[PDB]
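Novice: You'll find work-v5.cif just under this line, and it carries mmCIF, C-alpha atoms.
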```cif
data_input
#
loop_
_atom_site.group_PDB
_atom_site.id
_atom_site.type_symbol
_atom_site.label_atom_id
_atom_site.label_comp_id
_atom_site.auth_asym_id
_atom_site.auth_seq_id
_atom_site.Cartn_x
_atom_site.Cartn_y
_atom_site.Cartn_z
ATOM 1 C CA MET A 1 0.000 0.000 0.000
ATOM 2 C CA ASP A 2 1.879 3.041 -1.300
ATOM 3 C CA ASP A 3 1.317 5.660 1.433
ATOM 4 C CA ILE A 4 4.056 8.316 1.778
ATOM 5 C CA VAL A 5 4.605 8.429 -1.988
ATOM 6 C CA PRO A 6 6.052 10.148 -3.846
ATOM 7 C CA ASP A 7 6.957 12.494 -1.005
ATOM 8 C CA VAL A 8 9.439 9.993 0.445
ATOM 9 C CA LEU A 9 8.414 6.309 0.385
ATOM 10 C CA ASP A 10 5.519 4.098 -0.686
ATOM 11 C CA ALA A 11 5.498 2.736 2.882
ATOM 12 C CA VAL A 12 5.976 3.814 6.505
ATOM 13 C CA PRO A 13 9.193 2.193 7.846
ATOM 14 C CA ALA A 14 9.364 1.333 11.543
ATOM 15 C CA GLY A 15 13.045 2.259 11.430
ATOM 16 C CA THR A 16 15.631 3.032 8.748
ATOM 17 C CA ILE A 17 18.752 1.986 6.893
ATOM 18 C CA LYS A 18 22.095 3.694 7.011
ATOM 19 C CA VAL A 19 23.659 4.096 3.598
ATOM 20 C CA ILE A 20 27.054 5.763 3.779
ATOM 21 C CA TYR A 21 28.173 7.231 0.447
ATOM 22 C CA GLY A 22 31.394 9.268 0.749
ATOM 23 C CA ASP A 23 32.070 7.406 3.998
ATOM 24 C CA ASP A 24 32.281 10.822 5.598
ATOM 25 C CA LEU A 25 28.521 11.244 5.029
ATOM 26 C CA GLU A 26 25.335 9.199 4.605
ATOM 27 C CA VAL A 27 21.941 9.360 2.882
ATOM 28 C CA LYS A 28 18.810 10.339 4.799
ATOM 29 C CA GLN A 29 15.143 10.398 3.775
ATOM 30 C CA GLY A 30 15.712 11.037 0.067
ATOM 31 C CA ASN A 31 18.138 13.826 0.881
ATOM 32 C CA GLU A 32 20.238 15.282 -1.914
ATOM 33 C CA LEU A 33 24.015 14.823 -1.945
ATOM 34 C CA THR A 34 26.260 17.591 -3.272
ATOM 35 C CA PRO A 35 28.446 18.647 -4.868
ATOM 36 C CA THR A 36 28.222 15.833 -7.447
ATOM 37 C CA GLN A 37 29.538 13.560 -4.677
ATOM 38 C CA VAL A 38 26.848 11.037 -5.651
ATOM 39 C CA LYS A 39 29.576 9.122 -7.458
ATOM 40 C CA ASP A 40 30.914 7.298 -4.392
ATOM 41 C CA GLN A 41 29.899 3.729 -3.495
ATOM 42 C CA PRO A 42 26.990 3.493 -0.981
ATOM 43 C CA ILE A 43 27.548 1.458 2.198
ATOM 44 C CA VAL A 44 24.253 0.014 3.500
ATOM 45 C CA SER A 45 23.857 -0.961 7.187
ATOM 46 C CA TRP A 46 21.062 -1.233 9.791
ATOM 47 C CA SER A 47 23.590 -1.605 12.621
ATOM 48 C CA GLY A 48 21.645 -1.239 15.859
ATOM 49 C CA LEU A 49 18.202 -2.035 14.439
ATOM 50 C CA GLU A 50 18.916 -5.718 13.880
ATOM 51 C CA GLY A 51 18.744 -8.202 16.748
ATOM 52 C CA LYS A 52 17.052 -11.548 16.252
ATOM 53 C CA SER A 53 15.523 -12.757 13.005
ATOM 54 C CA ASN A 54 15.770 -15.922 10.906
ATOM 55 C CA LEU A 55 16.498 -13.865 7.862
ATOM 56 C CA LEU A 56 16.098 -10.382 6.384
ATOM 57 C CA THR A 57 14.998 -8.867 3.090
ATOM 58 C CA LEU A 58 16.613 -5.892 1.363
ATOM 59 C CA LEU A 59 14.507 -4.492 -1.470
ATOM 60 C CA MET A 60 15.391 -1.557 -3.707
ATOM 61 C CA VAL A 61 12.832 0.990 -4.897
ATOM 62 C CA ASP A 62 13.329 3.559 -7.666
ATOM 63 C CA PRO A 63 11.646 2.160 -10.811
ATOM 64 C CA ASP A 64 12.464 4.909 -13.299
ATOM 65 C CA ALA A 65 14.342 3.964 -16.466
ATOM 66 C CA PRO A 66 15.417 5.188 -18.814
ATOM 67 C CA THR A 67 13.162 7.849 -17.321
ATOM 68 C CA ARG A 68 10.029 8.016 -15.164
ATOM 69 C CA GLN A 69 8.491 9.831 -18.137
ATOM 70 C CA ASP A 70 9.429 7.188 -20.727
ATOM 71 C CA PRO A 71 9.890 3.728 -19.097
ATOM 72 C CA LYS A 72 11.280 2.262 -22.335
ATOM 73 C CA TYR A 73 12.440 -0.753 -20.311
ATOM 74 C CA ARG A 74 12.302 -0.011 -16.583
ATOM 75 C CA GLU A 75 13.654 -1.258 -14.361
ATOM 76 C CA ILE A 76 17.286 -1.652 -15.435
ATOM 77 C CA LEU A 77 19.741 -3.322 -13.067
ATOM 78 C CA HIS A 78 19.079 -3.096 -9.334
ATOM 79 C CA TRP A 79 20.542 -4.148 -5.981
ATOM 80 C CA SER A 80 17.991 -6.673 -4.726
ATOM 81 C CA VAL A 81 18.846 -8.875 -1.726
ATOM 82 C CA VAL A 82 16.901 -11.377 0.383
ATOM 83 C CA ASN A 83 17.491 -14.086 2.984
ATOM 84 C CA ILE A 84 19.998 -11.892 4.802
ATOM 85 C CA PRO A 85 20.872 -13.369 8.245
ATOM 86 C CA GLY A 86 19.222 -11.238 10.928
ATOM 87 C CA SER A 87 22.575 -10.229 12.445
ATOM 88 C CA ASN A 88 24.989 -9.100 9.689
ATOM 89 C CA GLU A 89 24.129 -5.396 9.917
ATOM 90 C CA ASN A 90 24.193 -5.329 6.112
ATOM 91 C CA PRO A 91 22.624 -7.346 3.234
ATOM 92 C CA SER A 92 25.778 -9.368 2.538
ATOM 93 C CA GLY A 93 25.322 -12.898 3.921
ATOM 94 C CA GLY A 94 21.948 -13.270 2.187
ATOM 95 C CA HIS A 95 20.869 -14.259 -1.319
ATOM 96 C CA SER A 96 21.645 -11.520 -3.814
ATOM 97 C CA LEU A 97 18.477 -11.470 -5.917
ATOM 98 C CA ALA A 98 20.358 -9.306 -8.411
ATOM 99 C CA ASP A 99 24.042 -8.585 -7.738
ATOM 100 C CA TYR A 100 24.973 -4.992 -6.920
ATOM 101 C CA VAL A 101 25.894 -2.726 -9.836
ATOM 102 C CA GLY A 102 26.940 0.919 -9.532
ATOM 103 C CA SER A 103 25.932 1.406 -13.166
ATOM 104 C CA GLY A 104 22.459 2.855 -12.718
ATOM 105 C CA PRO A 105 20.021 4.096 -15.423
ATOM 106 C CA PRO A 106 21.176 6.292 -18.391
ATOM 107 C CA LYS A 107 21.609 10.072 -18.270
ATOM 108 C CA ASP A 108 18.088 10.365 -19.709
ATOM 109 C CA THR A 109 16.794 9.460 -16.207
ATOM 110 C CA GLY A 110 18.363 12.426 -14.403
ATOM 111 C CA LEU A 111 18.052 12.750 -10.608
ATOM 112 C CA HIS A 112 16.714 9.352 -9.538
ATOM 113 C CA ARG A 113 15.584 8.461 -6.020
ATOM 114 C CA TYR A 114 17.231 5.175 -5.068
ATOM 115 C CA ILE A 115 15.337 3.789 -2.084
ATOM 116 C CA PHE A 116 16.568 1.013 0.209
ATOM 117 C CA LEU A 117 13.916 -1.067 1.987
ATOM 118 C CA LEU A 118 14.547 -3.576 4.785
ATOM 119 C CA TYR A 119 12.144 -6.271 5.968
ATOM 120 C CA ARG A 120 12.498 -9.152 8.442
ATOM 121 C CA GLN A 121 12.497 -12.498 6.624
ATOM 122 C CA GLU A 122 11.137 -15.541 8.442
ATOM 123 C CA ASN A 123 11.088 -18.239 5.738
ATOM 124 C CA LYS A 124 14.098 -19.437 3.750
ATOM 125 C CA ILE A 125 13.340 -18.708 0.079
ATOM 126 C CA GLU A 126 15.429 -19.828 -2.914
ATOM 127 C CA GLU A 127 14.453 -16.763 -4.928
ATOM 128 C CA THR A 128 16.078 -18.233 -8.057
ATOM 129 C CA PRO A 129 19.886 -18.489 -8.554
ATOM 130 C CA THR A 130 21.903 -15.380 -7.685
ATOM 131 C CA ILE A 131 21.718 -13.055 -10.670
ATOM 132 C CA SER A 132 25.004 -11.495 -11.753
ATOM 133 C CA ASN A 133 25.355 -7.725 -11.905
ATOM 134 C CA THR A 134 26.788 -8.020 -15.422
ATOM 135 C CA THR A 135 23.509 -9.727 -16.386
ATOM 136 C CA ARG A 136 22.834 -9.237 -20.097
ATOM 137 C CA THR A 137 19.429 -8.177 -21.450
ATOM 138 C CA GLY A 138 16.484 -10.412 -20.558
ATOM 139 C CA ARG A 139 16.298 -9.824 -16.794
ATOM 140 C CA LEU A 140 16.156 -6.082 -16.107
ATOM 141 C CA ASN A 141 12.502 -5.046 -16.387
ATOM 142 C CA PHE A 142 10.659 -6.065 -13.197
ATOM 143 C CA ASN A 143 8.893 -4.259 -10.329
ATOM 144 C CA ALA A 144 10.698 -4.585 -6.989
ATOM 145 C CA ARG A 145 7.473 -4.121 -4.994
ATOM 146 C CA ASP A 146 6.505 -7.568 -6.318
ATOM 147 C CA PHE A 147 9.013 -9.238 -3.974
ATOM 148 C CA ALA A 148 7.135 -7.528 -1.175
ATOM 149 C CA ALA A 149 3.752 -8.565 -2.541
ATOM 150 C CA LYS A 150 4.675 -12.240 -2.985
ATOM 151 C CA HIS A 151 6.148 -12.859 0.511
ATOM 152 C CA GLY A 152 4.009 -10.136 2.080
ATOM 153 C CA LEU A 153 6.962 -7.866 2.829
ATOM 154 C CA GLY A 154 4.464 -5.004 2.660
ATOM 155 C CA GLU A 155 5.208 -3.281 5.988
ATOM 156 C CA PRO A 156 8.947 -2.339 5.993
ATOM 157 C CA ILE A 157 10.926 -2.647 9.217
ATOM 158 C CA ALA A 158 13.542 -0.123 8.093
ATOM 159 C CA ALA A 159 13.912 2.094 5.023
ATOM 160 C CA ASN A 160 16.321 4.725 3.730
ATOM 161 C CA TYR A 161 16.493 6.589 0.444
ATOM 162 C CA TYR A 162 18.445 9.196 -1.527
ATOM 163 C CA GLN A 163 18.213 11.164 -4.789
ATOM 164 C CA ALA A 164 21.102 11.329 -7.265
ATOM 165 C CA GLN A 165 22.077 12.126 -10.864
ATOM 166 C CA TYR A 166 25.399 11.853 -12.711
ATOM 167 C CA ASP A 167 27.210 11.953 -16.048
ATOM 168 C CA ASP A 168 26.327 9.305 -18.633
ATOM 169 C CA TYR A 169 29.729 7.943 -17.591
ATOM 170 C CA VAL A 170 28.166 5.994 -14.715
ATOM 171 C CA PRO A 171 25.478 4.384 -16.950
ATOM 172 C CA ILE A 172 28.345 3.420 -19.286
ATOM 173 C CA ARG A 173 29.166 0.723 -16.741
ATOM 174 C CA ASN A 174 26.044 -1.010 -18.095
ATOM 175 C CA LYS A 175 27.750 -1.309 -21.489
ATOM 176 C CA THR A 176 30.288 -3.685 -19.924
ATOM 177 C CA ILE A 177 27.332 -5.984 -19.176
ATOM 178 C CA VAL A 178 27.648 -9.223 -21.166
ATOM 179 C CA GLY A 179 25.819 -11.780 -19.035
#
```
Could you spell out this file's structure in structure tokens?
Specialist:
Amino acid sequence: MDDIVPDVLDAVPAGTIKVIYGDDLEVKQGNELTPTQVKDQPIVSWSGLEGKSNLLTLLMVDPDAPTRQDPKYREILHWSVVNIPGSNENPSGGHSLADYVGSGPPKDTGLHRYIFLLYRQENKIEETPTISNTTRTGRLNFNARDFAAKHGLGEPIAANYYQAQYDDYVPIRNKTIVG
């Protein structure tokens, strides 16, 4: 049930996620990062919120590609993760639905709001073999919210988001994709 959208998030998180970009800073409630520092790798962590859970679910939200105005083939590549052990602080030890890729959508998308959603996972789910980041065409277009709908991850335990745009140079990373 999309509630606080598109003001901040299509769901009211009980907590949040801590994504550290430049290491010196971090993203908060769709805040904007400047100047053009949105080129540094984001470090996701819920350190302190975790505790005791069979598993966890990290879902990404920002379906706009190549642009929210012309979804020629949205979504592109995304950092989807599930089955994360409820005590790793970050979505590492779990199944990477779709391996992380700092490529991101093409310049045509402009400032895009990458949103990180965290949800406690109780049941061990295969969720199909781990998809590689360099995954060639044929497995890009797909709504993230679906993962939430299928296992009922509706209500998010912790969420964090940020808005960023960059030179077509970043999207170029996608070109290296060969499956």
Novice: For the structure shown, which residues end up in the PyMOL selection byres ((chain A and resi 46-60) around 10)? Put them as a PyMOL selection string, please?
Specialist: chain A and resi 14-19+44-45+61-63+78-97+114-125+143-148+153+156-161
Novice: Considering only C-alpha atoms, state which residue in the set A:65, A:27, A:77, A:38 is at the smallest distance from residue 135 of chain A.
Specialist: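 Under the stated criterion, the closest residue is A:77.
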Novice: Using Å and a single decimal, report how far atom CA of residue 11 of chain A sits from atom CA of residue 111 of chain A.
Specialist: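 Atom CA of residue 111 of chain A sits 21.0 Å away from atom CA of residue 11 of chain A.
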Novice: Rounded to one decimal in Å, what is the spacing between atom CA of residue 41 of chain A and atom CA of residue 98 of chain A?
Specialist: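 So the answer is 16.9 Å.
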Novice: By how many Å are atom CA of residue 106 of chain A and atom CA of residue 174 of chain A apart?
Specialist: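 So the answer is 8.8 Å.
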Novice: Let me have the centre and edge lengths of the axis-aligned box enclosing all listed atoms of segment 64-75 of chain A with 6 Å padding on every side, in Å to one decimal, as AutoDock Vina command-line options.
Specialist:
```
--center_x 12.0 --center_y 4.3 --center_z -17.8 --size_x 18.9 --size_y 23.1 --size_z 21.0
```
Novice: Neighbours of segment 164-168 of chain A within 8 Å (only C-alpha atoms; same-chain residues fewer than 2 positions away dropped), as a ChimeraX atom specification?
Specialist: /A:32-33,36,38-39,106-107,109-114,162,170-172
Novice: On this structure, which residues satisfy the PyMOL selection byres ((chain A and resi 2) around 10), written as number ranges by chain?
Specialist: A: 1, 3-6, 9-12, 145, 154
Novice: Print the selection's residues with C-alpha atoms to a file, as a short mmCIF file (atom, residue, chain, number, x, y, z; two decimals), in the coordinates of the input.
Specialist:
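And here's selection-v2.cif as it stands now:
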```cif
data_model
loop_
_atom_site.label_atom_id
_atom_site.label_comp_id
_atom_site.auth_asym_id
_atom_site.auth_seq_id
_atom_site.Cartn_x
_atom_site.Cartn_y
_atom_site.Cartn_z
CA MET A 1 0.00 0.00 0.00
CA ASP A 3 1.32 5.66 1.43
CA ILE A 4 4.06 8.32 1.78
CA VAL A 5 4.61 8.43 -1.99
CA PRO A 6 6.05 10.15 -3.85
CA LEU A 9 8.41 6.31 0.38
CA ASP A 10 5.52 4.10 -0.69
CA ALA A 11 5.50 2.74 2.88
CA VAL A 12 5.98 3.81 6.50
CA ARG A 145 7.47 -4.12 -4.99
CA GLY A 154 4.46 -5.00 2.66
#
```
Novice: Out of A:64, A:70, A:75, A:24, which residue has the shortest atom-to-atom distance to residue 137 of chain A when counting only C-alpha atoms?
Specialist: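 Among the listed residues, the smallest separation from residue 137 of chain A belongs to A:75.
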Novice: Let me make sure I understand: among A:128, A:176, A:163, A:34, which one has the smallest atom-to-atom distance to residue 7 of chain A if we use only C-alpha atoms?
Specialist: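 Checking each candidate against residue 7 of chain A, we get A:163 as the closest.
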Novice: I need the residue nearest residue 130 of chain A from this list: A:142, A:99, A:150, A:13. Use only C-alpha atoms for the distance.
Specialist: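 Once distances to residue 130 of chain A are computed over only C-alpha atoms, the minimum belongs to A:99.
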Novice: Taking into account all atoms listed in the file, which residue in the set A:25, A:20, A:8, A:101 is nearest to residue 175 of chain A?
Specialist: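 So, comparing all the options, the nearest one is A:101.
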Novice: Between A:35, A:152, A:179, A:30, which is the closest to residue 132 of chain A once you count all atoms listed in the file?
Specialist: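 The answer is A:179, which sits nearest to residue 132 of chain A.
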Novice: Using the partial input, fill out segment 33-53 of chain A with N, CA and C atoms; write the result as a PDB file, in the frame of the given file.
Specialist:
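And here's out33.pdb as it stands now:
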```pdb
ATOM      1  N   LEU A  33      22.587  14.769  -2.233  1.00  0.00           N
ATOM      2  CA  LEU A  33      24.015  14.823  -1.945  1.00  0.00           C
ATOM      3  C   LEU A  33      24.720  15.728  -2.950  1.00  0.00           C
ATOM      4  N   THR A  34      25.526  16.644  -2.438  1.00  0.00           N
ATOM      5  CA  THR A  34      26.260  17.591  -3.272  1.00  0.00           C
ATOM      6  C   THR A  34      27.608  17.926  -2.641  1.00  0.00           C
ATOM      7  N   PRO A  35      28.589  18.408  -3.432  1.00  0.00           N
ATOM      8  CA  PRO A  35      28.446  18.647  -4.868  1.00  0.00           C
ATOM      9  C   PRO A  35      28.886  17.457  -5.726  1.00  0.00           C
ATOM     10  N   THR A  36      27.961  16.958  -6.544  1.00  0.00           N
ATOM     11  CA  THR A  36      28.222  15.833  -7.447  1.00  0.00           C
ATOM     12  C   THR A  36      28.994  14.699  -6.765  1.00  0.00           C
ATOM     13  N   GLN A  37      28.860  14.603  -5.447  1.00  0.00           N
ATOM     14  CA  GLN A  37      29.538  13.560  -4.677  1.00  0.00           C
ATOM     15  C   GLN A  37      28.784  12.231  -4.761  1.00  0.00           C
ATOM     16  N   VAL A  38      27.681  12.233  -5.493  1.00  0.00           N
ATOM     17  CA  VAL A  38      26.848  11.037  -5.651  1.00  0.00           C
ATOM     18  C   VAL A  38      27.503  10.005  -6.564  1.00  0.00           C
ATOM     19  N   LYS A  39      28.821  10.045  -6.629  1.00  0.00           N
ATOM     20  CA  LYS A  39      29.576   9.122  -7.458  1.00  0.00           C
ATOM     21  C   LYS A  39      30.283   8.060  -6.617  1.00  0.00           C
ATOM     22  N   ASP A  40      30.265   8.241  -5.302  1.00  0.00           N
ATOM     23  CA  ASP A  40      30.914   7.298  -4.392  1.00  0.00           C
ATOM     24  C   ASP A  40      30.006   6.115  -4.058  1.00  0.00           C
ATOM     25  N   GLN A  41      30.626   4.963  -3.820  1.00  0.00           N
ATOM     26  CA  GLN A  41      29.899   3.729  -3.495  1.00  0.00           C
ATOM     27  C   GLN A  41      29.118   3.856  -2.180  1.00  0.00           C
ATOM     28  N   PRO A  42      27.839   3.434  -2.172  1.00  0.00           N
ATOM     29  CA  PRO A  42      26.990   3.493  -0.981  1.00  0.00           C
ATOM     30  C   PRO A  42      27.155   2.278  -0.067  1.00  0.00           C
ATOM     31  N   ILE A  43      27.392   2.530   1.217  1.00  0.00           N
ATOM     32  CA  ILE A  43      27.548   1.458   2.198  1.00  0.00           C
ATOM     33  C   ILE A  43      26.280   1.317   3.043  1.00  0.00           C
ATOM     34  N   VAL A  44      25.507   0.266   2.781  1.00  0.00           N
ATOM     35  CA  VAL A  44      24.253   0.014   3.500  1.00  0.00           C
ATOM     36  C   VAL A  44      24.464  -0.738   4.818  1.00  0.00           C
ATOM     37  N   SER A  45      23.764  -0.305   5.879  1.00  0.00           N
ATOM     38  CA  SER A  45      23.857  -0.961   7.187  1.00  0.00           C
ATOM     39  C   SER A  45      22.725  -0.530   8.122  1.00  0.00           C
ATOM     40  N   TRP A  46      22.146  -1.500   8.835  1.00  0.00           N
ATOM     41  CA  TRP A  46      21.062  -1.233   9.791  1.00  0.00           C
ATOM     42  C   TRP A  46      21.579  -1.378  11.220  1.00  0.00           C
ATOM     43  N   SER A  47      22.903  -1.447  11.338  1.00  0.00           N
ATOM     44  CA  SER A  47      23.590  -1.605  12.621  1.00  0.00           C
ATOM     45  C   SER A  47      22.833  -0.934  13.768  1.00  0.00           C
ATOM     46  N   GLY A  48      22.376  -1.748  14.716  1.00  0.00           N
ATOM     47  CA  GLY A  48      21.645  -1.239  15.859  1.00  0.00           C
ATOM     48  C   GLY A  48      20.169  -1.587  15.812  1.00  0.00           C
ATOM     49  N   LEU A  49      19.617  -1.698  14.605  1.00  0.00           N
ATOM     50  CA  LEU A  49      18.202  -2.035  14.439  1.00  0.00           C
ATOM     51  C   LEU A  49      18.002  -3.544  14.473  1.00  0.00           C
ATOM     52  N   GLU A  50      18.971  -4.268  13.924  1.00  0.00           N
ATOM     53  CA  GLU A  50      18.916  -5.718  13.880  1.00  0.00           C
ATOM     54  C   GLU A  50      18.757  -6.283  15.296  1.00  0.00           C
ATOM     55  N   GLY A  51      18.870  -7.597  15.436  1.00  0.00           N
ATOM     56  CA  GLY A  51      18.744  -8.202  16.748  1.00  0.00           C
ATOM     57  C   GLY A  51      18.567  -9.700  16.683  1.00  0.00           C
ATOM     58  N   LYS A  52      17.356 -10.130  16.353  1.00  0.00           N
ATOM     59  CA  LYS A  52      17.052 -11.548  16.252  1.00  0.00           C
ATOM     60  C   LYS A  52      15.988 -11.801  15.194  1.00  0.00           C
ATOM     61  N   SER A  53      16.406 -12.433  14.114  1.00  0.00           N
ATOM     62  CA  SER A  53      15.523 -12.757  13.005  1.00  0.00           C
ATOM     63  C   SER A  53      16.124 -13.919  12.229  1.00  0.00           C
TER      64      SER A  53
END
```
